[PDB]
Structures are given as C-alpha cells and as structure tokens.
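Numbered from 1 within each chain, the chains take letters A, B, ... in sequence-line order.
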Amino acid sequence: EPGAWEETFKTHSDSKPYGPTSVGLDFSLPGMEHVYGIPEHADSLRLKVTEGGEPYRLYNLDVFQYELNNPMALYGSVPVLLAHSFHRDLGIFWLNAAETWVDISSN
Amino acid sequence: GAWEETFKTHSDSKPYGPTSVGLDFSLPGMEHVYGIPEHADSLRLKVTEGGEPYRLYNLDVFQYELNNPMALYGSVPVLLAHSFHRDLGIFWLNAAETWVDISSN
Amino acid sequence: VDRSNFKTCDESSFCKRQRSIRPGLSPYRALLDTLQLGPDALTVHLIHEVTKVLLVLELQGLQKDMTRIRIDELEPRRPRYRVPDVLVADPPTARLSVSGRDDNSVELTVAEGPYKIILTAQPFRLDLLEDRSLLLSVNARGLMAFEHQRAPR
Amino acid sequence: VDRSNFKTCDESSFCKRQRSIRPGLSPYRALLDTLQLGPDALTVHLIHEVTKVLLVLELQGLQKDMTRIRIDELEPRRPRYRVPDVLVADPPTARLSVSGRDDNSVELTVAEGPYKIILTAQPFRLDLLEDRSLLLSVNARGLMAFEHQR
Amino acid sequence: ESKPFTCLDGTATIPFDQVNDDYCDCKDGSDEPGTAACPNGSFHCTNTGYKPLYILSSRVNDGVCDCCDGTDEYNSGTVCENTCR
Amino acid sequence: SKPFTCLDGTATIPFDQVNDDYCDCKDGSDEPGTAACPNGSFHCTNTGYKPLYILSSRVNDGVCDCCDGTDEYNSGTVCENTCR
Amino acid sequence: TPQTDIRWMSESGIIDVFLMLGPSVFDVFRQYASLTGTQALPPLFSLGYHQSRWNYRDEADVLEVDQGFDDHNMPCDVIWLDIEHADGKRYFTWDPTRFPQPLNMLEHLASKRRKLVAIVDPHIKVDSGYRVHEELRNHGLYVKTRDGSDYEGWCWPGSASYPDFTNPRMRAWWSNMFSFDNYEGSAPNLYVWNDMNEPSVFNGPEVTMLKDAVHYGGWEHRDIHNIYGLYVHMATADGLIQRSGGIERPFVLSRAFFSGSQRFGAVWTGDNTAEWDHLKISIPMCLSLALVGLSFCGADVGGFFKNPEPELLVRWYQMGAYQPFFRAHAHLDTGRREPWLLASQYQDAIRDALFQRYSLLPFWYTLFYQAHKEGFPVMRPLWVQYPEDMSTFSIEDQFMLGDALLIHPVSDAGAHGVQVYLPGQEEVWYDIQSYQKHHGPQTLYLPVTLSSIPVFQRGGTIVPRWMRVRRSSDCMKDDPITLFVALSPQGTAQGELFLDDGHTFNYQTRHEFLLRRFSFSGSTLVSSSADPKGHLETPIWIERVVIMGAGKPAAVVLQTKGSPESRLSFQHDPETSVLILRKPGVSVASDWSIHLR
Amino acid sequence: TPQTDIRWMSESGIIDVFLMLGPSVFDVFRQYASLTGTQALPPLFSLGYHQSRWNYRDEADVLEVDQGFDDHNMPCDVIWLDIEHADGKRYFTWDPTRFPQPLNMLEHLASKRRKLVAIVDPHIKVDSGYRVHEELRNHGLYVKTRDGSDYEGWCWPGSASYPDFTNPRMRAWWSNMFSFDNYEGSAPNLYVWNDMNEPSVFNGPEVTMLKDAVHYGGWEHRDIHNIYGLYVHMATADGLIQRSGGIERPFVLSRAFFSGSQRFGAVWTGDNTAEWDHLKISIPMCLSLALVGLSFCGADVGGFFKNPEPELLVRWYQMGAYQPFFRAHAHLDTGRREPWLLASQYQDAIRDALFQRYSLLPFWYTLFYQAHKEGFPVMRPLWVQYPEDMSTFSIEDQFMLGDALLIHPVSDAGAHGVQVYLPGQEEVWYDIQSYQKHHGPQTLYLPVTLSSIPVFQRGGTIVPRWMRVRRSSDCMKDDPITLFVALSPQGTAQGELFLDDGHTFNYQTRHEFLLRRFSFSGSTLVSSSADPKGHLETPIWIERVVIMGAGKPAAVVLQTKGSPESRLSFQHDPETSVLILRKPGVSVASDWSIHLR
Ligand SMILES: [Ca+2]
Ligand SMILES: [Ca+2]
Ligand SMILES: [Ca+2]
Ligand SMILES: [Ca+2]
C-alpha cells in the first residue's frame, strides 16, 4: 500500500498517475554456477549472489565519486545476462527500458 | 582628408569638417619639462622636432614598446616645467585627440 | 559517495512489493482452453487465481536457437510500453508444433527439434530442453508478478 | 612590430594641417576697441587678418596665482565642446585691472600684484610676468590656429 | 621573593613580569608564548578533543580562527566556536 | 663498386641496401633518406638558411617538417618552401 | 545439482525476454547480435591515443599540447575539448575570447594529421539569446511536465531544459544541427563526446529526471529512462554521418547506454578515481560490457578525480594501451598530467606503451572488423576462449584480445612480479618481449620492472603490426606491415588482416577494402583472400616476417603471382628459435607464399 | 637664454588652458589640485599586496591560492578575478560551473579578513538573454551612430555595445547596478576593476570607437574621447559607495584615465611585458603620473606578457613593494607564478619584500592622507625634493616616498651593486638595513645580493611602522606602532601619522581619525596633535622607538598626560649609533614626551 501511488523520496515527489504497474519473472538455470553481464556496475566480472543484500540495479544514474564492489546502478544499463558452465552457455535478454532490479541466488 | 576621411578600412564621415585648435607657449629659463602621461618614455620629456609629437588619445596598444611617443591607455594634458629658479605648469583642458610638440632653444 | 542520495530496493516501492513475494506455488495458471497455435506464435491466456486478472502469453520459437516470451494484459485500460529502436529487425520465427498433451501440460517442438518447450498449466511454468536435457525453467519458483493497470484516482 | 594600426601625425589630417603651420608672424590680431572688463574676466575680440574670422578671448586671473585663457568663436554655427565634470568647482577669480596702455598693447594687473599680463594687439600675444620678470609667453611663435566651423 | 625568567636560547634574563607582557624580549621569542609580540614565536593550541597544534605568534588575536578550540582569539573581537569535532 | 658499412661498426651490406626502404643497420645509418629505421635521421638541407635534422619517422608522413619541404617527396602532401 | 536462479523486476512495460540457448558462448554472441546489431566499425584514428582533460584553456593551449607530443616523440591522434570551450556551457558554441577562431585551430591540427573532439551534452541552457534554446522551445521539442510546461532542471549552465530525444523529430533536428552550416566553426576533423546523457539533473531525484515527466507519445520518463542516453548517442552519430553526405564514419563517445548502443560508437566507465583499485576494476567493467556487445570500452587513464602518483600513471598507460578505448582524462582541479611532464624514467615507460599500441593498430582494426561483421567481442574473458577450464571462470586481472594476445597488466605499486595463468592443455605461449616459449596450462611467475607489460601471443596465431611508429595513425595508414607468426605445437598458425581507407563507408557501399588470410603450415607461409569481393588500391606491402618457434632453414624463397621466384635473406636466433625474414617486399593485395627450404 | 616651447594641437573643442605660476613645484601641486581635486583616500587594504592573474580557475582555485599564502607565510590582502569568472564575459554575472556560489567564496575570504576584486568592463555583449543589454537597449542608454541605431563593435564577448557614460542617466544606472540586490553574488568585501575603458573596440579604427559615433547631447565621440574612461571609473566608484549607503570608501582600478581620475581610485600602466627594461620603465611612468596628480599608480609585478625568469620576478617584487599600487598580474598563456612556486631562495627574498611593504603600511597610509588633503604626490622624483640640484633633473632609476625614504631598486640581471645618488648638502642618509650613515651629496656604490632592496631614510624624518606582520592589513590595523627616528646633523627630526578605521568616510563625516605630529629636538621626542578636530577610539599604542644616530643616554624618562613619570629601559649599539627604547606603552592618541638624559 505505501508508495504504490504518490511516492516521495528525500524532497522529491512522484505523482505516479498510473499506480503500481511493475512486472517480474524468475528463471532457473540447472548446472549453472557462474553468471555474468548486466552492466554497468563497479563490481566483479563474475556476478555475486544477492540473497544477503541488494539486487543489481539497472537505472542510468550519475553517481558522484562512485565506489567499488557494490551493486549500485551507474551510467549505463544493458539487460543481458550470460550463464556459463563446462557443458553449455546461455543468455537472457530482458528487453525492458524502465528501472530494473535483478536478483541472483545460488542452490 | 579635411572632411570625409578614411584610415585603413575605417571611414570617418566627419559631418562638421575641420575644427581643430592649437596654441604655443614659450618658457624662458626652462630646459626640463615633464608629464603628459601616458607614454612608455623617460620622465624628462624629449624634444619632438626631429620626429613625432607626443600623442594624447586613450588607445589599447597590444604589446606596447618602450621609448616612443605613441599614445597609451590614459591621457592627462598637464605639463610641468622645472628650473633652478622656478616651477610652472600648463593644464590644457581639452578632451579630444591632442598632439604636443616640444622644442628647445 | 553519498549513498542516501540513491534509493535502495526498500526505498523503491515497486522493488519492495516485488521482493516481498516469497518462493512458493505460483497463483498464475494457464487456461489451456485458450491456446491458439499459429505459424509464427503460440498465444495462451493466463489468470491470477486470487485477483482474476487475465494476461496473454505470446510464445515464439526463433531461428538461431532462440525463444521469445512476451506477456501483456489481455484488455488493458491503456497500452503498455514496448521498447522501440533496440531490435534491428523482426526476428525470424521457427514453427512450433504440438508433440505432447494432457490436462495440465502441453509439449511443443520447435521446427524439427531438438529443442522443445513444455508448458505446465497449473501452476504456470515453462521448461526448455534440448531433446530431454532441461536447459532452463521459467516461473519455476513462482515469483512471477504482473501488476495490471488499476483504475486512476 | 607592425604599428600601421595607429596613425602618425602625418596620417591624422588635423595634426598634419596644424603641424604644417611653422613659426612666424601670426595672422591673429586683438581688437582693443572690443575690450570689456567684466566682473570675472576680460573679454576682447580677435580676428584672423586673412579670413576675417572673429574669435573671443576670455582672460581670467584666478586665486592661488593662476591664469585661465579661453578662446571660442564669436558667432559659431554650432556650440563647441567644453570639458565638463573635470573641474571640481568654478575656479575663484581675482580682479583684473588695466595698469598700462598704448597703441599696440594693454597691461593688466592681477588683484594688486605682483602678477601681470601684457596683451599685445598686433600680432596677438600674451606675456605673463611676476613684477618685471617674464614668466611665460603665449603665441610668441605665432602658432595659434582656430579652424572655425564651416 | 621570586626568580626571573631566562630565554631558552640563553639570550638574556628578564624579570617574570616581562613574560607575556606583549613586547618581545627574547631573540627566540620564548618570552611571549601567549601573545603576538614576537615574530618567531609560537602559540600552542591544546585542542581538547582533536590533535593539538602550534601556530605562528602573528596569528594570535589576528581576528582569524586558527585553533579548532578558538583559544588563539581571546581579545580580538572575533569569537571562535569550538570545531575540534 | 664497394659495399656500404654501417657507422656503428656492425655489419656490411651491398650498395643496393642503402636507401632501399628497409632498416639493415642497428644505428639506422643505411636509410638516411627514408622512414625505414626507427632511430634514423633525415637532414633538411634548407639551402640558404638554417639546416635541421628530423626523425626518420617524419619522412613522408604527410606533414611538412622541413621549411624546404624535402621531407615530403612521395606522400601526396606538397610542401612549399617557407625558409624565409 | 548446482543451479542458479535469476529474477528480473521492472517498473513498467511488458514482459519481453529472449532466451539465447547457445550452446557455445560464440553462438550466444551471434544470437544477441542478430537481435540488437554489432559494434560499429570505428574510424582508425579513434583506436589511437586520445589526450583529454577538463579543460584545455584556449586555442594556444591546444596547439601547445599538440606540439608537446611531437617535441617529446609521443604519438597522439585526438585532443579533446571539455565544457569550458563553449560560451558558458551553451553547446554548439565557442567562447568568443579563448576560442575565437575554431576553424583555424582545426586546420592546424589537420596539418598535423590529428583530430579534435568537442563535448556536446544533452542539456540546453534556458536563455532567450541562445538560438538552440529558442528553436527547441518554439518547436516543442523539450521534455515536458504534467502542466504542459517545458521541464527545467539544473546542470552545468545553471537552469537548463532537456530535449526529448525519444521524439524522432527531435533526433532529426539534433542530427541536422551538426551540419557544417549549423555547427559554425566545426570541420571534418572535429568529432563529438556525449556526456551527462543519463540524463544528469543536479537538483533532480537521484541526480536525474523526475519519473512523471512526459515524453513523445505521452509516455512517462519512468517508461523510457534507460534508452534516453542511447537516443542521444544515436542522433549524434547520425549527425556526423549526414554532415558528410553519408560518406564518413562517425566517432561519438557516450556515457549512458543501453542494449544496441554498440551500433553508435564508444562508451567509457565515467568518472573514476586516481587509485590503484580503480585501475584494477577497469578490466572486469569493460569485460562485462564486452560480453553484452559493447566492445568499444575504456576507462579514464590516470583516473578522473584526484592526482595519481607517477608510478600509477605509468601502470595506467600500460593498461589503457591494451584496452579498446584509450583516453587520458582529468578533473578540473587536478594538476596537468600530459605524459611529458613526468621524470624521464616515467616518460620512457609511457612512450613505450604508446609505441606498442600504435604498432598494434592493424591488429586492433582487424579485431573490430570481426566484431563489426560477427558480433564477437574484442576484449575477452579467459573463459570465453577456454570454456572448459573452470579455473578461468572468475579471472579478472587478465584478459585476451581476440584469440591471439593474453594480457596481464601490472596493477600494484612497487610490484616485483606477477603471477600469469597461461591456459590451454595443448597450447604454447610466447612472451612477446623475450620470445620465450611457455607450456600450458600453468601459473607462471614473471618478474617485472616499471617498463614491463606482460603480453603473450598464443601459438597458432598471426599478428600484424606497423613497426614504423609515427606521430598519428593517419601518418601510418600506408606503411608496410610486419607479420608475427607464433607457431602451434603442430607447427601451424593463421591470422587475418582488414584494410580500407580508414574512415569512410566505402568498404560497405563500394566493397573497397582488403581482408587477407595469412596461414602457416609445414614450412610455408601463404597469403590468400579471406573475402574476394574486396579490392583496394593501397601501397601497403609486407616488409618483414617474424616467426616464433621455427628452426633455421637452409634457404628462404618467396613466390608471388605475377612475379618470378625470389630469394630472401634471413636471420635466426638458435637460443629463442626466432626466424626473421628480411624485406619480402610484396604488396598486401597480392597472393603470395614463402617457403622455408 | 635657455628656453622651451610647447605647442598643443587638438581636434575639436575650445581653447581652454590654465597657467599655474608656482613659484615652487608644491605650489603647482596645490594649484592643480584646486582645479581637478585630490587623490581619493584609498581604503587601507588596497595599499597591501594584490594577487592576480588571467585567470583563476574556479572557487576552489581561489581558496587554494588563499591557503597557499598562509601556508607559506606570505601576506596578501586581495585576490583578483579576471574576465573568465563571468558567464562568457557577460559582466555582473558568474560562470554557473566554476563560480556557482560566489557568496560562499566571499564569505570564506572574509573569514581570512581578505578581499576580492572582480573585473567589470564597459562593453556589453549583444545578447537578448543578457538582462544588462536588454535594459540599456530598452532605455536608450547606448552610444549611437548617426542613423540612430545603437553602436555595435567587437570585444571579449564578441559583438558588444557601449553604454554612453557621458550621459548622467547612464552613470546613475551603472552606479545602481552595483547594489547588492542588483549585482547578485556580490558582498561588501568585493571590489571592482575597470579594464578596456578607452574604450577598446577590436574592429574599430585604432582599436577604439568611431570618431563620428554620437553621445548624449548630440556630441561626437571625437569631442569626448579622452574622458570616456574617467566616466566609467567615476560611475563605478560611486556605485561602490552607494551600495553601502554612503559609508564605505571605494576601491576601483582603471586602465584609461584623464585629468581628475585621481578622485576615483587607482590606475596602472596596462599590459606590460616580463622584461628587465619594462621593470626599469615602471619608475618614470608612475613618476610622470604622480607629477600630474595620479598618486595611486603601479605596474604589473612580473610583467603581463610572457614568463619572467625567477630573478626578474624577485627584483620586480622588490620594485613593486615600494610603489603605490602593488599587484602581480599575468597573461592567460603564462605559467603560474604565485610567489611560493619558486625555489626557496627566491621565495625568501619575495617574502622579505612583502614584509617590508606591510610593515610600512602606516607610512604609506599617512602619505596618501597627505596626498588626499594637500595634493602632494606620494611617489616623487628627486628633483621635487632637491629643486636646485641640477644633477637630479633627469633621474629615473631612483625615487623618493614623501620626503623620508629614497629608493633605488636593483633592475639588472646578475647585478653585483648599484650606484645610489644621495643628494643634499649638509644632508645625511641612513641605510635602513645596516644603519650606516652617509653624508650627501655623493654617488655611493652599494653592493647587493638577491635579497637587497636599497632603501635610505633621510636625516630629520620619523617613519612609523607596524613591526608585527600578519596575513593581511585588516589583521594589523589595531597593532602597536614602532617609530624610526633618523636624526639630522642638528639632532632633529619630525614626522606625521594618520589613523582612522581604515575603510569608511567617518574621518570626514564625523572627524573620527587621528593625525599625530612626532618631533625630536634637543634630547626630547614629543608627540602632539597635528589636527585637534580628530578623535578616535583605538587600542594602538607605541611599542618601540628606534633612533638612528644617537649616543648612549644615562637614563630615558617618559612623560604622558594622565600618568606618573616612568623610566624606560633601552639598548644601544655603539658601532651603528642606534638606540632602541623598550615598550613606551603609551596610547597613540595621547600627548607624551620621552627625554634622553
Ligand atoms: Ca616580553
Ligand atoms: Ca588567529
Ligand atoms: Ca636498407
Ligand atoms: Ca614530414
């Protein structure tokens, strides 16, 4: 309920005339232990699990004096994730232009 | 060009024609005159008979040089004459382009 | 860097709503009565069991061993945004064919194999295999969420 | 460096005209019939002998031992420029008195001495003296030039 | 009675009341640690709650806050607040 | 017809390997007129004026380096004499 | 049993996802490229070295920097002009005092065969005397608010409005603004840099535009945000193309980007910091971009913020020299760090790095042509080349260029050596500095000095080089080629080489290009056409061949179609098994073969 | 018989000439001052050291320069902002990127008790978004052409128009623009520099305005040219007064000037060059200006164009330290030459020159008060003080400050000594560094080092100094005074001292000032009032007396009204005949006497 319509962050207000409209989907990759991509983040080549913390964010933002080893969104966003194993390679292309969060969990 | 006059590529329509004024002054006993800034020249003013008069016309001279009577950025039309015996001053209250000639005897 | 300037997922209300859904049996399920198989795409209606909002799944096999999944509202109040100018062309399609059937699942074959997609109706799910080696599953953890456009206020 | 940007006196037409006048007998002459001793100044008409142009000389003795010489046209077609905002005040004047007079000259005394101004009528000339010591002369080389408005 | 003060460089020996009397009597400036009278003296900021610091004697009561604890401005019209945090 | 010897005292090559657009001498002395050696030099004679040496890498690079323009003789850039 | 779960959550739009099934990683590259396109072929000069900072003060400063490179014997292709070159951050303008004659400045750079890049940001100063603002306002081409007014935020010029680059009429206007009649003072050797195109809004939420601003078609900014920058990049590149009549290839650097941005030019990692850890992270950041199609990637050499110590700057030049986009840049308050301002020992290490980059230009150009035609990344993680070596799956202090060069730059102060992992069960590796052969797979400890750049050539590859380093790439584009043949365990090798005029679309509109295949097997090196449709008039010839891992032949014979059989002189090093063939002298457009007898 | 003839030739106007009959040169000074006024009393800070260049980069750079002076223990009162501080040379504005918070920058400088000067030139950019241009055009306040359109020329911002400063309505508009509400970002510690006010017109005849342009009242530009700059100076100075409610004294530097410009502030000799002969010529140029009433004169320290060698810069700091207007300035393309950027030996000599200037501030301030009240020049040719010594009539490598100090700066590279002419029969001179006494007249050969500034105090004079040098003059203005008594051969001396609050007109509107007379005769030093109308609340006291040329007394006794008779301790050097009286401790506002028994 809170923030589903009109929402404020710091001193800025989002009138959000359309209300909650988000979309989401999960994908399971059997045999995959290494995933890569979804730039841009000042983070490792091999993407980390997000279970204990923030998901990776894709939202083109100007971050003054950005720091290293964190999933904060930087200037660019390419919603493409690659999965590599000894046996195969796979890719996922999430063609969406809005703010996007990506969660990664191991098994 | 007493009336319409051009210098380089610039034209002066000079609608009122020649209107210049001039006057001379004699200073007996004086051998040293000073003043009429601004010029990149010595404190004691030189005679102008063999060359250019001192010019008073506020002008922006790029990379101006030394020891010449070319007009620089400011103009104070005041000349001081000094001798062992006396001191005198001349104040020429005119705001137009002014040339000053200095001759000895 | 000043990190209070930039939202966390908790401070992004849509991220907080989405991330609050926990792994379990999905409330979405496919109405196999609605299935239509064309040369270029398979369409099938989805329904949220609790809210009864109706979605449309467009499933496509593509040339060069690719699959495209598109999900929209069945009759939205207003059209939703579809990203232009990024794709350089209309992706060439590969034909889908029914090769396995029951009450709760449908198996489709892309062109002439070896890639097949099994659609389980309840709970809604998609699995992709080369022959019989499972490559990846969709909505297997039941985390799918599609906030339909609600009435303005 | 190439200084052709800026005029020499030869390239300034009024400087060229003026500087071509060389020391000699001046054609200007004071009309002593026109002399008037006013409260602040002495006025007297000057005339160019060849062109018959008429000028007005305003001669003033000032407090603090100063003399002011001003020359304008008698009947100008248009007013000439007089520099404003430079003088901080109207300079306090000292009374002038005729103390000598002959056919070709008038001697003036500032207040009660020792400064005196001798006006020579023909050719026009001015001499400034402390008692009997010549301090300075005006138009002694005959270089006065006043281009009237055509 | 009482004993006089001696400059640390050994320059001279002056009575105690010429210490911090706002006139420079020692060549090394050691007789005016609390004033601006000596050109080569130093003033010590204790700066409780931060790092202490020495400043030039010429910056004592110059109207500028040099110590974070503000003790260098005690008779200058500038009131310095404690900023050692 | 005698062969050429490099000035560094290293090796001896036939006359036809001088200015043959390949670097054969360690000091670059076999290609005074070309861009073939990385440490060679080209001499601008600059007839009537100050002469100058330039890097061999600036021979026929399309840029006018000598005031007499002789460093550009087969590059498509025509350099005029500016030694005045 | 091991499994990884991925979940995407987006604020609006539809669900639209492509599953790219491989099975190989190069299949995924092809699959994605068929969807979103391939890397635009960069003009050759843009693969050279770029010298930049905020800011070069005036035309005299730019010309002094240009002369400094020549006076200190360092190559450079482009000098960049940051925001202070314009009239108070009014883009498409020039400061009337410090840049009064842009055409004269550009002509002087052209006489040195160098280019210039000027920054053009998307935000437009709100100013009724600024013709750009008046036109966009009068034609309704600005991003809007819900009340129908033009959106106004704050950026470099103060109050500014934001063109709606999602509007096709706006992109057409922007493209036409780059014509030589509209962008007064510009010339064919002036290129463009798009910064702040996220868009950056200093007083906006998260330093960007409000979610409920309104764009073309009534869509909210929340719907389109992540493609706003791509549209800026696209419209700028299109303007550089049409200003030439459709002949010249563009160069545009962009900060913001999206899927498909590879089609419009280069990107870089933004405002980094002069620290060793920022140097290290440049590899994983550009590698993560390479994997998703953005091959033209780099980071600010020396760091944007703060002042790097001389040793860090040297190590950053060595790192940048082997990365796709090679530009030094610096913040307004940093000290000047043009490479000749350092002590002689640091200058020489930097010059050596610049020489290596310029010598490798034919190799870089060919890799980017293969990226342009196939969608294969230029900079590659080791696991892309060795998908079965699990010990490479996380490596990020190492990368490969194509399949031929493995790079492990020094990225630690005062390091005495590096640990280099040389993969491949059946592979051999040659240290390009010493020509020492190394067996794989192994972890080799290599001692380093300040001048060391650990680079290894893979056996079975042929690498083309321009060994005559000149002051810019334009000076070098007709020079002869040296071929470096690294022999495989089977005594084989192969490589490609792409050539064209270096800056036009003639390779595509007129098939005016060369694509050569060089192949070695047995004792024969053969040049053949890898694409017969391509022909090119060029003076480029083969001046030298260097073969690593070969024995001493008794005689070397060259055969070329149209020519009699010729004998070549050679030199052989028995210690390193290196054979140097002198002056083959054959045109690069000709079929030929060299036989070791 | 010797005679000099003078001839004046002017383009228009009337003949209007004043003859000033002396008989002494000080009578001529008084006569001219009664006509055109006297030197405006400068606020104390403007007699300190000014640090300037084209250009300081941004607020951070200005604050860094400020901190550099304190970190290297060098005094400085003002930091200057040249044309790059504004928005594209639109005056009264600030660059939105590099100077986004001028008030905060001015506040930080106020916390260091320092000031700032910003340049404001008379030419106004033709720009419909520039509010200054729109107002001046809409109110018809521009110089016009004969067809009635506003004149347009070219200068720093490109195409620009020129306000008609001969129009009183224009000067009133200009003055009101300097109010803190109109000149946004300005503060009480911001002052103004008027440049290019000849007026400079880049595309005009002789780089100035057309002769047939039209001004207020229909007068042509040829009629008014030489007072256009004075009007700019006047209207700017009045604006700095009016913005404060008529309380604060202005500081305005102007490049162009005329008779009467002394009433409005300072002038300098424009764009000089970093060469030794330009250093030499600064003396005759400012001396020629001093003789005609312009006492607040100087030249760019170090030269405007080109880069001075370190030794030339040291010698120019020593020269400038003893000239009225003391500012270092430099062209856009010169290297940075803040005084701490040089080697330690050069730094120390420059610091020593800065300390001498600041210690002499009470002396400078009194000389300018005497100029303000009497019309006597501050910097003086030797012949002014010795009108009967014919060998001084042409001297221009030497000058005097008042009647007390003779200065002969070193103005030759690698000089080992100078020849100093010490004039005056029965006159004595004291070397202020060594206290050696020298009888005149003579030409003395004085050996010099890098640190030497040849300065001599005349016998019979008393010079007041602040011996506690602080970071700026504001910090020093309540500090105690040291009196330097140079005894004549008759054992006498005299001197004056003017004190006030340092920056307001209270000395004139409220008689809040002190003018003290110090006189020595017999064996008694007496302080009395030189003007009884002046009273002032001040903590300034006399902390030390230095007497040159005295024997050793048996006792020293101080008497001050209101206090018991006190004994003073003292120190005497028999070699140099120097007597130092310790800590008189008497208020500078009190009558007192010191007797040497
Ligand atoms: Ca003491
Ligand atoms: Ca303090
Ligand atoms: Ca050769
Ligand atoms: Ca060349």
Side-chain angles (χ1 to χ4, degrees), chain C residues 2 5-7 9 11-19 21 23 55-58 60-73 76 78-89 91-92 110 115 117 126 128-130 134-136 138-141 143-147 149, chain G residues 3-24 27-38 165-166 168 171 204-208 211 215-220 222-227 230-231 234-235 258-264 271 273 305:
Chain C
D2 191 357
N5 258 312
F6 305 94
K7 302 186 202 184
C9 174
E11 296 165 314
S12 166
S13 72
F14 85 90
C15 191
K16 192 180 170 152
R17 292 198 299 285
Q18 291 269 348
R19 221 184 187 199
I21 309 190
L55 311 173
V56 180
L57 165 64
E58 188 171 10
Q60 271 169 310
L62 304 169
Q63 300 294 325
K64 305 186 156 101
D65 289 345
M66 280 183 308
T67 303
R68 195 186 185 171
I69 295 165
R70 276 183 288 177
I71 301 174
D72 200 0
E73 302 179 27
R78 285 166 307 267
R80 286 190 174 246
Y81 193 69
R82 289 162 185 255
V83 185
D85 300 303
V86 169
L87 300 173
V88 293
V110 190
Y115 291 110
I117 312 145
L126 283 174
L128 279 85
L129 353 87
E130 200 186 298
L134 177 64
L135 300 176
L136 70 86
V138 189
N139 198 29
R141 247 127 194 97
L143 295 178
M144 175 178 162
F146 200 110
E147 303 186 312
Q149 293 176 91
Chain G
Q3 185 187 231
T4 294
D5 304 297
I6 307 292
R7 183 203 196 163
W8 308 77
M9 303 168 277
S10 300
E11 180 170 10
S12 70
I14 67 161
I15 290 180
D16 189 355
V17 53
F18 290 85
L19 307 177
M20 305 174 291
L21 304 180
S24 94
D27 295 312
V28 178
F29 297 151
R30 294 197 178 274
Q31 284 150 0
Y32 183 62
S34 76
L35 298 173
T36 66
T38 62
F165 279 93
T166 76
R171 293 196 301 278
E206 309 182 280
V207 201
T208 191
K211 294 267 200 189
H215 293 261
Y216 169 77
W219 300 107
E220 285 191 298
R222 95 186 65 249
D223 297 313
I224 64 95
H225 172 86
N226 275 341
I227 65 178
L230 174 151
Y231 277 136
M234 174 200 295
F258 194 74
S259 283
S261 283
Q262 67 266 27
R263 307 200 300 268
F264 309 117
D271 301 336
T273 303
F305 295 116

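Once rounded to the nearest 0.5 Å, the distance linking OG1 of C:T67 with CD of G:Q31 reads 9.5 Å. The CD atom of G:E11 lies 11.0 Å from the CD atom of C:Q18; values are rounded to the nearest 0.5 Å. With rounding to the nearest 0.5 angstrom, the OG1 atom of G:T4 is 12.0 Å from the CG atom of C:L136. Atom OH of G:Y32 and atom CE of C:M66 lie 12.0 Å apart (nearest 0.5 Å). Rounding to the nearest 0.5 Å gives a distance of 8.0 Å between CG of C:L55 and CD1 of G:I15. Note: C:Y81 OH to G:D16 CG = 12.5 Å, rounded to the nearest 0.5 Å.
Chosen from C:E58, C:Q60, C:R68, C:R80, the residue pairing most often with chain G at heavy-atom distances under 4.5 Å is C:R68. Counting heavy-atom pairs closer than 4.5 Å to chain C, the top-ranked of the candidates G:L35, G:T36, G:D223, G:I6 is G:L35.
For C:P92, the side chain to side chain contact (heavy atoms under 4.5 Å, CB included) test picks out C:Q63, with sequence neighbours left out. For the side chain to side chain donor-acceptor pair (under 3.5 Å) test, no residue two or more places apart in sequence or in another chain qualifies with G:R263.
With a threshold of 4.5 angstrom between heavy atoms, C:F14 approaches chain G through side-chain atoms but not through N, CA, C or O. G:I227 touches chain C through its side chain: at least one heavy atom from C-beta onward sits under 4.5 Å away, while N, CA, C and O do not. When heavy atoms are compared at a cutoff of 4.5 Å, G:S10 approaches chain C solely by way of its backbone atoms N, CA, C and O. Heavy-atom distances place both the backbone and the side chain of C:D65 under 4.5 Å from chain G.
Other residues, nucleotides and ligands place more than 12 heavy atoms under 6.0 Å from the CZ atom of G:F305.
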Please evaluate residues C:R141 and G:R7 with respect to the criterion side chain to side chain contact (heavy atoms under 4.5 Å, CB included), reporting the C-alpha separation (whole Å), side-chain torsions for both, the decisive distance (0.1 Å), and the verdict. CA-CA 10 Å; C:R141 247 127 194 97; G:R7 183 203 196 163; over 6 Å; no
Side chain to side chain contact (heavy atoms under 4.5 Å, CB included) between C:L128 and G:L19, intermediate numbers included: CA-CA 10 Å; C:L128 279 85; G:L19 307 177; 4.0 Å; yes
Report the C-alpha separation of G:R171 and C:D85 in whole Å, then their side-chain angles, then the decisive distance to 0.1 Å, and conclude whether the side chain to side chain contact (heavy atoms under 4.5 Å, CB included) test is met. CA-CA 13 Å; G:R171 293 196 301 278; C:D85 300 303; 4.2 Å; yes
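For the residue pair G:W219 and C:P79, the shortest heavy atom distance occurs at CH2-O, 3.3 Å.
The backbone N or O of C:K7 lies less than 3.5 Å from a partner atom in the side chain of G:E206, making a donor-acceptor pair.
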